[PDB]
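Colleague: Count the sequence shown with UniProt numbering and you get residues 22 to 37, 45 to 141, 147 to 224, 227 to 315, 320 to 456, 463 to 487, in order.
Every residue, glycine too, gets a C-beta built ideally from N, C-alpha and C.
Just dropping this structure here.
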Amino acid sequence: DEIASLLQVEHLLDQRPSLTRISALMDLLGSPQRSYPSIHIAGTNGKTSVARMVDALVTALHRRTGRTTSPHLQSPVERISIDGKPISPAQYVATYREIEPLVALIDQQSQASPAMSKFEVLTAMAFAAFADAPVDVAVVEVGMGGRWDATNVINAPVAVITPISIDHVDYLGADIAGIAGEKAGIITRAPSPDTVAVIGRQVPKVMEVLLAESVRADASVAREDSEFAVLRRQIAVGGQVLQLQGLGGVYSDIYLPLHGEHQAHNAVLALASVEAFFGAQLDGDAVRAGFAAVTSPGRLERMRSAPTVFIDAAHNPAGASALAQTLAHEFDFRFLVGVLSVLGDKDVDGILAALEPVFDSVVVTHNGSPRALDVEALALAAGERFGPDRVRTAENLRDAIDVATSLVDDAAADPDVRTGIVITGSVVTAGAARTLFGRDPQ
Ligand SMILES: Nc1ncnc2c1ncn2[C@@H]1O[C@H](COP(=O)(O)OP(=O)(O)CP(=O)(O)O)[C@@H](O)[C@H]1O
Ligand SMILES: [Co+2]
Ligand SMILES: [Co+2]
Ligand SMILES: [Co+2]
Ligand SMILES: [Co+2]
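Laid out in structure tokens, this is it:
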């Protein structure tokens with residue numbers, strides 16, 4: 022029943045760029061998103077990961093965190109966390125009820141001379162839940178872009194920009210620098228010490244746009260590979276061991292229970308951000328404790344061994360190519376089947392090209408999202424890349440995992456051919478598969 026209420030709220034929200049509507053809303057709410065400081069995160073890849081890593085580090089320094097991330101894998105409750113944990117279905121419905129009278133008021137005034150969107154409502158809910166809790170610090174992931182994103186009403190003292198690349202596709206030719214300009218809109222002038232912008236690895240045309248917004252906000256800049264960096268990296272049971280240069284010193288023997296070189300870069304970004312936020320040297324026992332407490336559900340998360348099954352939320356070519364490098368470099372798979380479902384706004388082809396050298400075959404399917412690519416359209420795309428005989432189809436995710444399983448069975452029984466299944470292509474595919482392995486939202 023808490024659950025009935027939770028489905029009931031999801032259903033209304035699903036029946037739904046200026047900042048006018050979200051600003052008026054926050055004003056009516058009493059401006060709760062200005063009652064605590066925030067670390068605000070934009071970029072194409074790693075935003076969720078970095079947000080979780082940041083939350084873990086601030087929690088290891090003993091401040092109470094609120095964290096809003098997107099999209100969710102399994103349950104909307106995951107969008108609003110307090111102390112490192114999603115709020116409950118009851119608190120989420122309660123948070124929705126508390127703000128609804130003011131949302132209705134904004135809907136009506138706006139209609140009397147455009148209702149609020151689902152994301153605007155979710156953002157308001159997270160901000161209001163943060164003030165209700167109350168928290169010491171909020172970690173705020175951008176829904177989309179940044180300049181006109183619902184979250185962009187906070188004037189965050191730290192703004193983090195993770196690697197920028199292609200994800201949502203409107204054109205074939207890349208306006209890399211128009212994309213960068215919109216993300217950088219989360220770098221705002223401070224009201227009180229200057230805004231710090233903490234920037235991951237970018238291509239030069241991105242770098243130049245980020246730098247010039249930072250100028251316009253008179254914002255102090257910390258960029259990866261100049262002001263901080265991953266110095267050393269070593270594969271370990273469960274993850275990796277890092278030696279990191281932060282803003283305030285070298286931190287050694289950081290155990291990070293996550294796979295992938297890309298997660299080493301997210302980690303050092305999360306560190307510089309938290310140093311920027313507290314003004315860093321941070322206590323190294325706390326940095327180590329925080330990184331060891333990090334989880335990132337549905338990002339190269341191992342569901343089981345024998346056979347080994349991974350879910351990964353890779354949905355763009357840079358993500359797909361980070362997934363393939365990790366699978367090839369940090370494991371020793373003799374045989375790998377991919378289970379794949381992708382949404383129609385993605386660079387489907389660039390994903391398939393990134394994964395083809397690592398997947399012996401791929402089973403394509405439909406993840407149950409209304410925005411998913413239909414099985415036939417994906418099998419054709421996949422066929423052009425893999426060749427027709429390395430592509431199978433299945434009606435839904437559970438069938439697709441059954442087909443892949445018997446492919447790993449057949450390969451296990453084949454002496455001249463340490464096997465695995467990797468489920469990927471979308472946040473929704475990794476989230477639906479995570480629910481099938483029975484895991485709780487996290
Ligand atoms: N720094 C990075 N560079 C390249 N790929 C990365 C990356 N960080 C994460 N990824 C890949 O991107 C996928 C999404 O990571 P997250 O860490 O979820 O990105 P994100 O929040 O920017 C978008 P989303 O949360 O919509 O999936 C991961 O499963 C991983 O494959
Ligand atoms: Co995200
Ligand atoms: Co579009
Ligand atoms: Co000690
Ligand atoms: Co053989």
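Going along the chain, which unbroken runs of the alpha helix (DSSP H) with 4 or more residues stay wholly within the segment 229-282?
Modeller: 239-251
Colleague: Going along the chain, which residues of its own chain have a beta-carbon closer than 6 angstroms to the beta-carbon of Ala159, five neighbours each way excluded?
Modeller: For this step, residue 159 is matched to residue 126 along the sequence shown. Answer for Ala159: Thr96 and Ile108, listed in chain order.
Colleague: Quick check on this structure: which residue in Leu375, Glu31 and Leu85 has the alpha carbon closest to the alpha carbon of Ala302?
Modeller: Residue mapping note: residue 302 aligns to position 267 of the sequence shown, counting from 1. For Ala302, the nearest C-alpha among the options comes from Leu85.
Colleague: What is the DSSP secondary structure of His68, counted as helix, strand or coil?
Modeller: In the sequence shown, the residue the question calls residue 68 occupies position 40. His68: strand per DSSP, three-state reduction.
Colleague: Does any heavy atom of ligand 5 sit closer than 7 angstroms to the C-beta of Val456?
Modeller: Mapped onto the sequence shown, residue 456 falls at position 417. Under cutoff, so the answer is yes.
Colleague: Are the Cβ atoms of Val397 and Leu375 separated by less than 8 angstroms?
Modeller: Locating residue 397 in the sequence shown gives position 358, counting from the first residue. Locating residue 375 in the sequence shown gives position 336, counting from the first residue. Contact flag set, yes.
Colleague: In its own chain, which residues sit with a C-beta less than 7 angstroms from the C-beta of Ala325, not counting the 5 before and 5 after it?
Modeller: As a working note, residue 325 is residue 286 in the sequence shown. Same-chain partners within the cutoff: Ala88 and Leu89.
Colleague: Reducing DSSP to helix, strand and coil, say where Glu106 ends up.
Modeller: Taking the sequence shown and counting its residues from 1, one reaches residue 106 at position 78. Looking at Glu106 - three-state DSSP - the assignment turns out to be helix.
Colleague: So, is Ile234 buried or exposed, given that buried needs 16 or more other C-beta atoms within 10 angstroms?
Modeller: Translated into positions along the sequence shown, residue 234 becomes position 199. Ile234 should be labelled buried.
Colleague: Between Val442 and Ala433, which are expected to be in contact by the criterion C-beta below 8 angstroms, what is the C-beta distance as a whole number of angstroms?
Modeller: Position 403 of the sequence shown, counting from 1, holds the residue named residue 442. Position 394 of the sequence shown, counting from 1, holds the residue named residue 433. Yes, they are in contact, since the Cβ atoms of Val442 and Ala433 sit about 5 angstroms apart, within 8 angstroms.
Colleague: For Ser400, is the classification buried or exposed, using 16 other Cβ atoms within 10 angstroms of its Cβ as the cut-off for buried?
Modeller: Numbered from 1 along the sequence shown, position 361 holds the residue referred to as residue 400. Result: buried.
Colleague: One question on the structure: do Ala189 and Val173 come within less than 8 angstroms of each other, judged by their Cβ atoms?
Modeller: Here residue 189 refers to the residue found at position 156 when the sequence shown is read from its first residue. Here residue 173 refers to the residue found at position 140 when the sequence shown is read from its first residue. Yes, the pair counts as a contact, with Cβ atoms nearer than the cut-off.
Colleague: Would you check if the distance between the CB atom of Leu366 and the CB atom of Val387 is smaller than 8 angstroms?
Modeller: Locating residue 366 in the sequence shown gives position 327, counting from the first residue. Locating residue 387 in the sequence shown gives position 348, counting from the first residue. Result no, Cβ atoms of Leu366 and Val387 do not sit closer than 8 angstroms.
Colleague: Hey, out of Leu101, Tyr286, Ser344 and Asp35, whose CA is closest to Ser471's CA?
Modeller: What you label residue 471 is simply residue 426 of the sequence shown in a count that begins at 1. The residue with the shortest Cα to Cα distance from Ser471 is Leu101.
Colleague: For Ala207, which residues in the same chain have their Cβ closer than 8 angstroms to its Cβ, ignoring the five residues on either side in sequence?
Modeller: Locating residue 207 in the sequence shown gives position 174, counting from the first residue. Closer than 8 angstroms at Cβ, skipping near neighbours: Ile199.
Colleague: Could you tell me the alpha carbon to alpha carbon distance between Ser335 and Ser141, rounded to whole angstroms?
Modeller: Position 296 of the sequence shown holds residue 335. Position 113 of the sequence shown holds residue 141. If you take the alpha carbons of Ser335 and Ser141, they lie about 43 angstroms apart.
Colleague: Compute the Euclidean distance between the alpha carbons of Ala353 and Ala359, then round it to the nearest angstrom.
Modeller: Position 314 of the sequence shown, counted from the first residue, corresponds to residue 353. Position 320 of the sequence shown, counted from the first residue, corresponds to residue 359. C-alpha separation (whole angstroms): 5 angstroms.
Colleague: When a residue counts only if its C-beta is closer than 6 angstroms to some heavy atom of ligand 2, which residues count, in chain order?
Modeller: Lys75, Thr76, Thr97, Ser98 and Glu174
Colleague: Please state if the CB of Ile219 and the CB of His32 are separated by a distance shorter than 8 angstroms.
Modeller: Position 11 of the sequence shown, counting from 1, holds the residue named residue 32. Position 186 of the sequence shown, counting from 1, holds the residue named residue 219. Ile219 is positioned such that its CB atom lies no closer than 8 angstroms to that of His32.
Colleague: Any contact of the segment 179-188 with the segment 148-158, i.e. 3+ C-beta pairs under 8 angstroms?
Modeller: yes
Colleague: Among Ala345, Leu282 and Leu53, which one has its Cα closest to the Cα of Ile127?
Modeller: By 1-based counting over the sequence shown, the position of residue 127 is 99. Among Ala345, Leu282 and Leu53, the Cα nearest to that of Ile127 is on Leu53.
Colleague: Hey, is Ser335 close to ligand 1, as in C-beta under 7 angstroms from one of its heavy atoms?
Modeller: For the purposes of this step, residue 335 is identified with residue 296 of the sequence shown, where counting begins at 1. Yes, ligand 1 has a heavy atom inside 7 angstroms of this Cβ.
Colleague: Given 7 angstroms as the limit, tell me if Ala305 has its C-beta closer than that to any heavy atom belonging to ligand 1.
Modeller: The residue given as residue 305 occupies position 270 in the sequence shown. No, ligand 1 has no heavy atom inside 7 angstroms of this Cβ.
Colleague: Could you give the residue range of the alpha helix (DSSP H) that holds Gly389?
Modeller: As a position in the sequence shown, residue 389 is number 350, starting the count at 1. Where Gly389 is concerned, the enclosing alpha helix (DSSP H) stretches over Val387 to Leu394.
Colleague: Considering only the beta carbon of each residue, do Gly94 and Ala166 sit closer than 8 angstroms?
Modeller: Looking up residue 94 in the sequence shown gives position 66. Looking up residue 166 in the sequence shown gives position 133. Yes; because the gap between Cβ atoms is below 8 angstroms, this pair is in contact.
Colleague: By alpha-carbon positions, which one of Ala132, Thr76, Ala217 and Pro129 ends up nearest to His297?
Modeller: What you label residue 297 is simply residue 262 of the sequence shown in a count that begins at 1. With distances taken between Cα atoms, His297 lies closest to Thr76.
Colleague: Could you give the residue range of the alpha helix (DSSP H) that holds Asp441?
Modeller: Looking up residue 441 in the sequence shown gives position 402. Segment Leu436 to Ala451, the alpha helix (DSSP H) holding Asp441.
Colleague: What is the DSSP secondary structure of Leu339, counted as helix, strand or coil?
Modeller: Residue 339 sits at position 300 when you count from the first residue of the sequence shown. Coil, per DSSP.
Colleague: Using the Cα positions of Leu417 and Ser46, report the straight-line distance between them to the nearest angstrom.
Modeller: For this step, residue 417 is matched to residue 378 along the sequence shown. For this step, residue 46 is matched to residue 18 along the sequence shown. Inter-residue distance for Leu417 and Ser46 is about 35 angstroms (C-alpha atoms, whole angstroms).
Colleague: Return the chain-ordered list of same chain residues with a C-beta closer than 7 angstroms to the C-beta of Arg251, the five sequence neighbours on each side being excluded.
Modeller: Taking the first residue of the sequence shown as position 1, residue 251 is located at position 216. Excluding its 5 nearest sequence neighbours in each direction, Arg251 has no C-beta neighbour in its own chain below 7 angstroms.
Colleague: Taking the alpha-carbon of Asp169 as reference, which of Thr195, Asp83 and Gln364 has the nearest alpha-carbon?
Modeller: Position 136 of the sequence shown, counted from the first residue, corresponds to residue 169. The option with the nearest alpha carbon to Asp169 is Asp83.
Colleague: How long is the line joining the alpha carbons of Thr444 and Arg463, rounded to whole angstroms?
Modeller: As a position in the sequence shown, residue 444 is number 405, starting the count at 1. As a position in the sequence shown, residue 463 is number 418, starting the count at 1. Using only the alpha carbons, I get a separation of about 13 angstroms.
Colleague: Which runs of the beta strand (DSSP E), 3 residues or longer, sit entirely within the segment 78-102?
Modeller: The qualifying runs are 93-96.
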